[PDB]
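Since the structure comes first, as structure tokens, the remarks are kept for the end.
Heads up, the Cβs are rebuilt from the backbone with ideal geometry, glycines too, and the neighbour counts pull from every protein chain shown. Bear in mind that the values in this text are calculations on the coordinates, not laboratory data.
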Amino acid sequence: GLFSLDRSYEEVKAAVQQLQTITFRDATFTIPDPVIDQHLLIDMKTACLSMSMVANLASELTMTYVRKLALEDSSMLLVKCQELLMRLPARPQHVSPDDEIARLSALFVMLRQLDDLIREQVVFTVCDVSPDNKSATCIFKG
Amino acid sequence: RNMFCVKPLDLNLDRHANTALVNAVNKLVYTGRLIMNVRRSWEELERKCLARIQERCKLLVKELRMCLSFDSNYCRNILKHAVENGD
């Protein structure tokens with residue numbers, strides 16, 4: 001849905017084709033009928049608002065951690081995530097733990113807002129499998 | 001030396017060293033010390049002037065006292081005022 005905004009009809013076609021196919025636990029499943037109605041439009045609106053509030057709330061410490069780690073650490077995790085990112089000692093010019101904790105609490109609220117878009121409600125929790133994987137004994141969570 | 005030509009120009013405080021609070025404190029203590037110095041010098045010159053003019057009034061009255069004439073008495077009466085204030 002987000003990618004559909006300001007991309008050509010055929011570009012969105014190709015993106016929908018590739019994002020449709022999911023591989024999970026050595027079996028591949030396909031989503032039927034991914035269609036951008038108003039029901040997805042509400043989710044897009046709240047995703048944009050949540051991202052913008054995350055960006056506005058995040059402090060310079062939070063922003064600059066990635067850059068500072070990259071200057072003095074190297075790992076597949078770090079190089080991979082920095083390859084996903086844009087390209088561009090000294091003391092931190094503002095330091096206040098109380099401001100930082102207030103800001104982190106608000107950012108936690110916003111990150112909960114954004115997570116609830118993809119987070120489904122748990123209905124059962126499993127603790128058993130029939131070895132043929134036809135049935136399980138579960139605790140109901142509703 | 002000369003409290004009339006104020007030169008507060010000591011702005012040279014680079015940001016890489018010291019925490020921001022110490023930078024602020026150094027600027028503040030500089031300005032405060034400038035104010036204190038100028039006020040102290042002013043007061044010392046004021047009191048020197050008052051002491052010198054009081055001494056001169058004393059000596060000149062002592063000298064004019066020796067003759068009792070209208071002019072001499074008039075001058076003594078003028079010098080008789082206390083001069084321990086700017087006014």
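The set of residues from region A:106-142 being surrounded by 10 or more Cβ atoms within 10 Å (Cβ to Cβ) and among the small types (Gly, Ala, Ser) comprises A:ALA106, A:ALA136.
Is it true that some residue in region A:64-73 is closer than 30 Å to B:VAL22 by Cβ, of a type in the set (A, V, I, L, M, F, W, C) and either within 14 Å of chain B (Cβ to nearest Cβ) or surrounded by 12 or more Cβ atoms within 10 Å (Cβ to Cβ) (or both)? Scanning region A:64-73, I find at least one residue that is closer than 30 Å to B:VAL22 by Cβ, of a type in the set (A, V, I, L, M, F, W, C) and either within 14 Å of chain B (Cβ to nearest Cβ) or surrounded by 12 or more Cβ atoms within 10 Å (Cβ to Cβ) (or both), so the answer is yes. Among the candidates A:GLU11, A:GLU83, the residue that is surrounded by 10 or more Cβ atoms within 10 Å (Cβ to Cβ) and charged (D, E, K, R) is uniquely A:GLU11. Scoring B:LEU11 on the criteria (1) among the aliphatic types (A, V, I, L, M); (2) part of a helix (DSSP H, G or I); (3) more than 14 Å from chain A (Cβ to nearest Cβ); (4) exposed (fewer than 11 other Cβ atoms within 10 Å of the Cβ) leaves a single failure, condition (2). Checking B:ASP87 against (1) exposed (fewer than 10 other Cβ atoms within 10 Å of the Cβ); (2) of a type outside the set (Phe, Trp, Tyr); (3) within 14 Å of chain A (Cβ to nearest Cβ), which test does it fail? Tallying (1) exposed (fewer than 10 other Cβ atoms within 10 Å of the Cβ); (2) of a type outside the set (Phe, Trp, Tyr); (3) within 14 Å of chain A (Cβ to nearest Cβ), B:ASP87 fails exactly one: (3).
Among the residues making up region A:90-122, those that are more than 24 Å from A:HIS39 (Cβ to Cβ), of a type outside the set (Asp, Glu) and assigned to a helix (DSSP H, G or I) are A:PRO97, A:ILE101, A:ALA102, A:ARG103, A:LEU104, A:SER105, A:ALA106, A:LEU107, A:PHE108, A:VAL109. Is one or more of the residues making up region B:33-50 under 30 Å from A:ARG91 (Cβ atoms) and part of a helix (DSSP H, G or I)? Yes; the residues of region B:33-50 include at least one that is under 30 Å from A:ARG91 (Cβ atoms) and part of a helix (DSSP H, G or I). Within region A:14-55, the set of residues being within 30 Å of A:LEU104 (Cα to Cα), of a type outside the set (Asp, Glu) and surrounded by 13 or more Cβ atoms within 10 Å (Cβ to Cβ) comprises A:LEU40, A:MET44, A:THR46, A:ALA47, A:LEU49, A:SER50, A:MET51, A:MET53, A:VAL54.
Look at B:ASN18 and say whether it is within 14 Å of chain A (Cβ to nearest Cβ), surrounded by 10 or more Cβ atoms within 10 Å (Cβ to Cβ) and in contact with a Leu (Cβ under 6 Å, 6 or more places away or on another chain). When the stated conditions are applied, B:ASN18 does not pass them. A count restricted to region A:86-104 and to residues that are surrounded by fewer than 11 Cβ atoms within 10 Å (Cβ to Cβ) and farther than 27 Å from B:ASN23 by Cα stands at 3.
Within region A:81-98, the set of residues being within 14 Å of another protein chain (Cβ to nearest Cβ) and closer than 20 Å to A:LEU57 by Cβ comprises A:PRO92, A:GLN93, A:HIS94, A:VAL95, A:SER96.
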